[PDB]
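Asks: Shown below is the structure under consideration.
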Amino acid sequence: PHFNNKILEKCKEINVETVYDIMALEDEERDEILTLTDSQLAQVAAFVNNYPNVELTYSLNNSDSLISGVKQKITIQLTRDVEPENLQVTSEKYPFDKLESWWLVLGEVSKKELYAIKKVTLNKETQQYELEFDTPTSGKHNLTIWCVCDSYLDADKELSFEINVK
């Protein structure tokens, strides 16, 4: 909220490129860059505090031994630093209400296909959800998980990996 072009140039000059870097700003740099009113700064703090900080961790149930055709199982674990008070989205431009939803996509970048998807809402400090998918053909593969938010840009995460299917 209220990040005009003069504030953006100041951040780019001191090498601040993300929303997480704004939290890392000291009391000295904060006062030089963020020259705003109390009501304007309130939305900056409200946004940056409610801005998500997930931690993707996947757990394949039987990675070494598995069969083609039968539906393979996979677990995806998300962990926040602390539990949020609410999941209601802070936004300047969007007028209506919105809660923080997520998608847990699993697919292959080379083949350009989605194996599985799971819409979730990261309420607790730590969660985990079980996805299932049809096991692909026997050979080399490069699967990639995508934990992606619907209400914030550049707050996403991913973990590419591979397995030898028999």
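Asks: GNM on the chain, C-alpha springs below 10 Å: top fluctuator among 121, 37, 57?
Replies: Fluctuation is largest for 37.
Asks: Quick one: Karplus J couplings for the stretch 157-165, per residue in order, coefficients 6.51, -1.76, 1.60, θ = phi - 60°, nearest Hz, x for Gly and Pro?
Replies: The phi angles translate into 8, 7, 9, 7, 7, 9, 8, 9, 8 Hz.
Asks: Among 96, 161, 133, rank each residue by its count of other Cβ atoms within 10 Å, from fewest to most, as a rough exposure measure.
Replies: On the way: 96 6, 161 12, 133 16.
Listed from fewest to most nearby Cβ atoms, that is 96, 161, 133.
Asks: Under 10 Å, Cα contacts only: if you run a Gaussian network model on the chain, which one of 22, 74, 14 comes out with the highest mean-square fluctuation?
Replies: 14
Asks: Points 7 angstrom from Cα along the Cβ direction at residue 132 and residue 23: gap in nanometres?
Replies: In this crude label model, residue 132 to residue 23 measures out at 3.6 nm.
Asks: Only counting other Cβ atoms within 10 Å, I'd like 39, 68 sorted with the fewest neighbours first. Mind showing how you got there, number by number?
Replies: Values: 39 8, 68 13.
Fewest-to-most Cβ neighbours within 10 Å comes out as 39, 68.
Asks: Skipping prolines and chain starts, which residues have an amide H placed within reach, meaning under 5 Å, of the one on residue 148, given they are 5 or more residues away or on another chain?
Replies: Those lying under 5 Å, H to H, from residue 148 are 103, 105.
Asks: Over all alpha-carbon pairs in the chain, figure out the percentage whose distance exceeds 24 Å.
Replies: Numbers: 6656 of 13695 pairs.
Every Cα pair in the chain considered, those over 24 Å come to 49 percent.
Asks: ³J(HN,Hα) across the stretch 81-94 via Karplus (A = 6.51, B = -1.76, C = 1.60, θ = phi - 60°), whole Hz, x for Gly/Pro?
Replies: 6, 9, 6, x, 5, 9, 9, 6, 7, 8, 7, 7, 6, 6
Asks: Amide H neighbours of residue 133 under 5 Å, at least 5 residues apart or on other chains, H built in the peptide plane: list them.
Replies: Sorted by chain and number, the residues that satisfy this are 72.
Asks: Helix-only mean residue ellipticity at 222 nm, the chain, DSSP H runs n ≥ 4 weighted -39,500 (n - 2.57), per residue, nearest 500. What is it?
Replies: That comes out to -6000 deg cm²/dmol.
Asks: Given the options 53, 15, 61, state which has the largest fluctuation in a GNM of the chain using a 10 Å cut-off (strictly under) for Cα springs.
Replies: In the Gaussian network model the winner is 15.
Asks: Find how many whole Å separate the alpha carbon centroid of the stretch 26-68 from the alpha carbon centroid of the stretch 96-166.
Replies: After rounding, the separation between the Cα centres reads 19 Å.
Asks: I've got another one for you. Out of every Cα-Cα pair in the stretch 1-52, what percent are more than 11 Å apart? Can you show the working numbers first?
Replies: Values: 931 of 1326 pairs.
Beyond 11 Å sits 70 percent of the P(r) for the stretch 1-52.
Asks: Per residue of the stretch 145-152, what does 6.51 cos²θ - 1.76 cosθ + 1.60 with θ = phi - 60° give for ³J(HN,Hα)? Whole Hz please, x for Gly and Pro, Karplus curve as stated.
Replies: 8, 10, 8, 9, 7, 8, 10, 9
Asks: In terms of Cα to Cα distance under 20 Å, which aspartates and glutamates are near enough to residue 93, apart from those fewer than 8 places away along the same chain?
Replies: 38, 150, 154
Asks: Would you please give the residues with an amide H less than 5 Å from that of residue 115, counting only those at least 5 places away or on a separate chain, with H modeled from the backbone geometry?
Replies: Residues meeting the amide H criterion: 106, 107, 108.
No Cβ is skipped: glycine too gets one built from the backbone with ideal geometry, and neighbour counts run over all protein chains shown. Each reported figure results from applying straightforward, stated rules to the coordinates on display, with no laboratory input.
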